[PDB]
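Visitor: Let me give you the structure first, and then I'll get to my questions.
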Amino acid sequence: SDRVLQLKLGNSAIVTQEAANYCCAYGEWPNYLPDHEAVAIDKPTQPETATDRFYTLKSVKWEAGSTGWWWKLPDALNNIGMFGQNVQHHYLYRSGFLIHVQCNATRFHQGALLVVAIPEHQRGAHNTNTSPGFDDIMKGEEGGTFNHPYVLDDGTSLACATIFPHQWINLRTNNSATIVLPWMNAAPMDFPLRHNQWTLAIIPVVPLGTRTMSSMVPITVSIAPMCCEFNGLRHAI
Amino acid sequence: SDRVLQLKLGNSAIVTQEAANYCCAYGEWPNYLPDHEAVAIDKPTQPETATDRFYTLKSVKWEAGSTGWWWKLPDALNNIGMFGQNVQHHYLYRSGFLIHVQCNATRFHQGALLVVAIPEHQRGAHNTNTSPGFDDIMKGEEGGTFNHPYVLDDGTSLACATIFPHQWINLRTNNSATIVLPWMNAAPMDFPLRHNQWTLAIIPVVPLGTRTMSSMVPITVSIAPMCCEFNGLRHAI
Amino acid sequence: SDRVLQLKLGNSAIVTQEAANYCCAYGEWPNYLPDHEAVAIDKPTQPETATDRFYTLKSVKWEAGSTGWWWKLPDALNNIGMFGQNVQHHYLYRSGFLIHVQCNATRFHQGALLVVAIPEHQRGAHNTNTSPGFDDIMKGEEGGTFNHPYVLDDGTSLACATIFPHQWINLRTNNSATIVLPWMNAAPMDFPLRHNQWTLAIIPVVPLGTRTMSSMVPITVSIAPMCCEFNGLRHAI
Amino acid sequence: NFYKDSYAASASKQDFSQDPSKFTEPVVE
Amino acid sequence: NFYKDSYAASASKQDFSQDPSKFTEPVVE
Amino acid sequence: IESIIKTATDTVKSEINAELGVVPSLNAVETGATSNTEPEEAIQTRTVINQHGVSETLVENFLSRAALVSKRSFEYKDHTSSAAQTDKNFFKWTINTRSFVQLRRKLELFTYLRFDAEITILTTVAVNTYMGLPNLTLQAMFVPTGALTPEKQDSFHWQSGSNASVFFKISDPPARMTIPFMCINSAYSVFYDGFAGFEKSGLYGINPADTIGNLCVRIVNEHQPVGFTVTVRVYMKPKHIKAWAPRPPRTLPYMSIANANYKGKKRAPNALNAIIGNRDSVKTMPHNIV
Amino acid sequence: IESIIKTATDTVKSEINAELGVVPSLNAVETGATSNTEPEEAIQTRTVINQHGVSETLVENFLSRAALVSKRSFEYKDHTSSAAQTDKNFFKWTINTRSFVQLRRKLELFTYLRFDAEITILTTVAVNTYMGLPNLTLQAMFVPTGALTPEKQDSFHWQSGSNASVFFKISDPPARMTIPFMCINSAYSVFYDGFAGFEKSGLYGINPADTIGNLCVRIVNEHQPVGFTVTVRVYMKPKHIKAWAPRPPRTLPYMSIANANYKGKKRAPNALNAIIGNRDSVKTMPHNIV
Amino acid sequence: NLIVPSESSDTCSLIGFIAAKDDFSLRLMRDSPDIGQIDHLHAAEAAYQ
Amino acid sequence: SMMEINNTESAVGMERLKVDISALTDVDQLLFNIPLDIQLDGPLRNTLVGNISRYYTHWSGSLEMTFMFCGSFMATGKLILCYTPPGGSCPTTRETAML
């Protein structure tokens, strides 16, 4: 009853048959910006079915010495579809996200994934006092790999990362995880090219293991923006 | 009273102080496609302030041996702004247009412009029986020049071209002309890259003449799409 | 809920635990012949529990180079039980059928069966213009094998054979298929020894495959006549 | 139809009743 | 029109509605 | 549930649907049912008021087309010194619908048909020098299966005491008459999985109830000094049509009128092992836009 | 405002008008509007009750004229030793309205047209010595754009299982049948500023929705010993006509049926640089009363 | 990816189906290209004998 | 009714009615594509929707493609089935096709 799920957004749809109950982050659902919280006075564009639809990132190979993967939002979508064109032509954006993470294997495989969405994941670098530069943070669509996922690459702890909106993909139980993210900012709208607000982290807490034949197990991420507004129309940079 | 005019669309606005009464083509105003005339069943995107705004084409120099200029719509806008991005990412479009043509000179200049919007201006070539090719029709943003404007480059007559929605820029009287075009097609929506529906023609019926100093007189075209819908979302070609 | 099923007819019963929803052919259920459609004026015999019961045909071995199997009704039952004795002693018959097809394997096997009941399957022969003879059509209880199942042995297409009352046995999903056939004839009753009205076809659209141990997988057919009437009592031929 | 037989009439092209569910949904539930 | 199709009928020459102002006065005031 | 459909169905607008337990796009083909997934349930739709009439795919309109069923050229001359197999100013035709393949494939989309046959006879003539075309009178006598067919042009079976004849000229409009639904069953058997008699040496696939009868056509005129080639074409229009149990369409070419035997073409399309013509791979797109 | 006009408008009497601020004779052509100056406002009029009906300039009456659209003479003979480009007792015709220029210029006064086509086929025959004119039977089969056209006179596409054929003789009245409004759009595109396909090497100006289909016409008769020249003329009458967005009439002569290419005549009238024939000066009156 | 165990068959099959919905429509009836003939069928001369 | 997506040489008879998928060592790979050209001879011609429509010239309305997976019970997997409106080429990568 909570294991089958169809997520229809736009011209996209995802069915899954081994799901958990999906996660609404902090009990919140995405909405458009109301008038008593609006700041920018020009009329926003709301390209509803053109941008509020699933976008599927490149799959990552799930291996024995995997540390973990991360994508920063909206940086992982700033060059994809009509979401990316609205990002490049406008100054302000505001959206929630519906993240669906896919990973399946056989009933002889084991492994657990912590699929966690981290708000304002300011990263740190290891064994230096120089801050992480622009190319170390803005990885784009491909995302990055965790250097030290045990501390979440910021001196904190992976053990306490369940305070953040998360699910698990335990291969014994399910093969997908779904997190519904609202707008998470101290600001109503934001400049999407210099600020990331959600980091989707996907972490091998229990590694992949089997004794049957070794197929490739990938992990696929489908991200749907939800309730996109855009202000400040200009040329594309 | 009918000489001053402000046309506010989107984040754009045009004031003019020597206008005529503007032209609504065939007595019609642009609207969105109603449900009893809809064909495509998916939900259309209506990027209202992002695309329903004036786009200014390159000015053309208005000279002694000028024959005339033409721009085909939506081909003159298929690469400009968020209108052009919605054109390239979608299969179907539907819009009206608000054409504003600017041309001013001194009170010692003379000349008359026939600013006429021609529906389905199938062109012909001169002194041959080969049809006009793709590069002779799809001139893009720059538009084309009339070869024989006396016959409107199709064997018809310039004299009877006032059956079409038109205005005049008589330099004695006004310096701008405004035509409001509705959706003009036998089809509800259309593929914008292989079919043009309005041709804006601008024609020197009385040529430019003065005996004072010879400044450059240009003619500038600002075109606002109106009530844009887009169906059939896919990748950009 | 639609996967467990018990079919009790007469002194026979079939339980199945991996079923689909069963098929009623053309939305119809078998009945006895009403008075406004009757032709033969003598009183019919209705041997209810003696003939309306499952009869199990010989199992066929399901292999790698299998093309398919067919049984013609009532020819596959004209020599079995009290149905066959009522057929041989009477001139006219009228019945529907409840076909249950059994085929199971492990969860490491794959394969799909098109179990289709074809009305009036007039067969054709290949690469000749001589019609199929009596021994090529009236195979009796053992039934026949498809020569060219891709064209259903009649120049038609296997791809469009889902217009006929059918189910599938996909070994991933189910292990049985059930079709309930009504009386299908242009005539109220019929001579059972010279006319077949339903052909049960069972066809390997996806062949049997596994990489575990190779047991014999058979396919078993249990056919229950339903609502048998018999007119024209005489000696047995 | 001035003929006395009813099969002599023209083609009857006004039968708009359908039932696709006898071919598309022939299942019992 | 004894034919069953409505496009088979004769020419319909009784449409006396005009609107010249959509071509002669296409201005907004 | 049976209902009356005159236009195609409308479309309702839909919204974002993210509900657990409800998977409209997941289906069970193993049940034998066709997918019930709506366009409103798979993608996000608008409201479309659909006005497209469905009246041309009616089985009456799909089948009431006058199609050719018979065609004979026969020499119209003095036949006192001709062969034993020639048509001596007359021919007989056992009426079937299985000789010309456009009407045959269309009727064989169904298992049972109940229709009235509207028969149109179109006679044409050619001079076998040229002196003109005669306005010849023809007799088409309908002989049922069970009666005696004529053996001459001037035989005395042509007097038609009870057989229905039509007398028509070449200069006239074509002769048209309606044959009723003449089966002893409630419907014609387009396909007959059975044998026609009680002995085991009967014909397979030919239900004798399906055959209408014979169509004996002669020229009533006596011969002229010159010869002529008279071609008679018969056209059948089904009407008042009921159809039952639709079938897969025939993909392979027909071999005979007597059976459903199949050879197929030599290469694809419509071959025995390949009905659709081949492409390079399953990820090769043949008409790809460049 | 839309109103119903059955006769031309009346005239009201007027008087001396000497009022400041009111200039009915002064106009603004720059607005794009036609002058609204009345005859009552320019000169001093009388009351005229105008009874002139306006019913002959209706777009139905202006366009419902049966005009020639096709014309083929083809030799009717034995064609076993003829060329590869000849019409061997049959022809095909891709249906257009752009071959004969009276109907073409009249239809091209509009951008969009929605009409039913009433097709009249007029066949005439001439002996190719003289022995008489045969009453030949012709078949005009309507093949849509997408189906297969015949390649012979006696090909088996002529059996017309679903294609609509008409069978008619020369001695009859002309064959007449109505073609419906068959466009996939809501109106035909008389002019199409676009390209027919998704690749850039398509045809300009030819909307594929505008084309009706093919009109395959054969002679059903076999050949006589002598030859004949059979001329088939096709006449189209538009009916139930709606018209949109009127256009300037074409002044230059047409060059092709495929495009709007123009050459003009060599001298005036209807030349490229002079549509109206010249006069001596702008103050020269050509037909002046002496 | 398709992930199978060692005792399952490593190559699996899809069957593709297609139907039309109830907003589907057809018009302008023509002959089908899917059948044709250049000669007579067998025993079609026996109908005249 | 069944599409012949495997309308290739070395697919004989009923091998044409099924598409064989296997395990892959690269991500995001194209498995098959289906030409939606009904009139020209493609995988949609010998269908119930394909044969009845070739008796007609004009058509309209939605279509539905159904795909039944016929592997073992132990076989797991995820696919993405993309319909692309016309105008461009057929999309070869998954980035392009899922838009």
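Please treat every number below as a calculation from the coordinates, not as lab data. Reconstructed Cβ throughout: ideal geometry from the backbone, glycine too, with neighbour counts over all protein chains shown.
Visitor: If I take the rotation axis that carries chain C onto chain A, which residue of chain C has the nearest beta-carbon, and at how many angstrom?
Guide: That would be C:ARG107, 5.
Visitor: For peptide F:233-241, what's the mean number of Cβ atoms from other chains within 10 Å of each residue's Cβ?
Guide: Mean partner shielding for this stretch: 3.
Visitor: For the rotation taking F to G, I'd like to know which residue in chain F has the C-beta closest to the axis, plus that distance in Å.
Guide: It is F:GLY132, 4, counting Cβ atoms only.
Visitor: Using Cα-Cα distances under 8 Å and only pairs 6 or more residues apart, what relative contact order does the stretch A:116-185 have, in percent?
Guide: 35
Visitor: Here is a follow-up. Sorted from shortest, what are the nm distances separating the label point of C:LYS8 from equivalent points in the other copies, each placed 7 Å from Cα along Cα to C-beta?
Guide: 4.2, 8.0
Visitor: Same structure, new question: Over the stretch B:1-93, what is the mean sequence separation of C-alpha contacts under 8 Å (at least six apart), divided by residue count, expressed as relative contact order in percent?
Guide: 23
Visitor: Quote the relative contact order of chain I in percent (integer), defining contacts as alpha-carbon pairs under 8 Å separated by 6+ residues.
Guide: Over chain I, the number comes to 24 percent.
Visitor: At what distance in angstrom do the alpha carbon centres of the stretch C:1-36 and the stretch F:177-234 lie from each other?
Guide: First find each Cα centre; the distance between them is then 42 Å.
Visitor: Shifting gears a bit: Amide H neighbours of G:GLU118 under 5 Å, at least 5 residues apart or on other chains, H built in the peptide plane: list them.
Guide: Result for G:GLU118 returns G:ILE179, G:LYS237, G:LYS239.
Visitor: Same structure, new question: Can you give the average number of partner chain beta-carbon atoms within 10 Å of each beta-carbon in peptide G:175-183, as a whole number?
Guide: The mean count of partner-chain Cβ atoms within 10 Å per residue comes to 2.
Visitor: A further question on this structure: If you count, for each residue, the other Cβ atoms within 10 Å and average over each peptide, how do F:22-30, A:111-119, I:46-54 line up from highest to lowest?
Guide: The peptides rank, most packed first, as I:46-54, A:111-119, F:22-30.
Visitor: While we're looking at this one, here's another question. If the cut-off is a Cα-Cα distance under 17 Å, which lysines reach G:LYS283, setting aside same-chain residues fewer than 8 apart in sequence?
Guide: none
Visitor: Using the structure shown, list the pairs from G:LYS169/G:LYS237; D:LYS4/E:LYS4; F:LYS242/G:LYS169; F:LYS88/G:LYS88; C:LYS8/C:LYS72; G:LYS6/G:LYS71 with a Cα-Cα distance above 32 Å, or answer none.
Guide: F:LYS242/G:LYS169; G:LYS6/G:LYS71
Visitor: Set the Förster radius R0 to 35 Å, insert the Cβ-Cβ distance between A:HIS126 and B:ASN79 as r into 1/(1 + (r/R0)^6), and round the FRET efficiency to 0.05.
Guide: 0.15
Visitor: Averaged over its residues, how many other protein chain Cβ atoms are within 10 Å of peptide G:201-210's Cβ atoms?
Guide: Mean partner-chain Cβ count within 10 Å for G:201-210: 4.
Visitor: Still on this model: Between copies, how far does the label point of B:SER214 sit from its twins, in nm, shortest first, when each point is 7 Å from Cα along Cα→Cβ?
Guide: Values, ascending and in nm: 8.2, 9.6.
Visitor: Per DSSP helix of 4 or more residues, -39500 (n - 2.57); summed, then divided by the residues of the protein assembly as shown. What does that give at 222 nm, rounded to the nearest 500?
Guide: Details: 19 runs with 101 residues, N = 1497.
My calculation for the protein assembly as shown gives -1500 deg cm²/dmol from helical runs alone.
Visitor: While we're here: Which distances, shortest first and in nm, link C:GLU141 to the matching position in the other copies, using label points set 7 Å out along Cα to C-beta?
Guide: Copy-to-copy label distances at C:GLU141, shortest first: 6.6, 8.5 nm.
Visitor: Calculate, for H:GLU45 and G:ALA84, the FRET efficiency according to 1/(1 + (r/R0)^6) with r their C-beta to C-beta distance and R0 30 Å; round to the nearest 0.05.
Guide: E(calc), rounded to 0.05, equals 0.40.
Visitor: OK, next. Given the peptides B:141-147, F:199-205, arrange them by the average over their residues of other C-beta atoms within 10 Å, most packed first.
Guide: B:141-147, F:199-205
Visitor: Hey, another quick one. Please give me the summed charge of the neighbours of A:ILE137: other residues whose Cβ is under 15 Å from its Cβ, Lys and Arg +1, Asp and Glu -1.
Guide: For residues surrounding A:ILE137, the net value is -4.
Visitor: Let me ask something else about it. Which of the peptides E:5-12, G:112-119 is most tightly packed, and how do the rest follow, judged by the mean count of other Cβ atoms within 10 Å per residue?
Guide: The packing order, highest mean first, is G:112-119, E:5-12.
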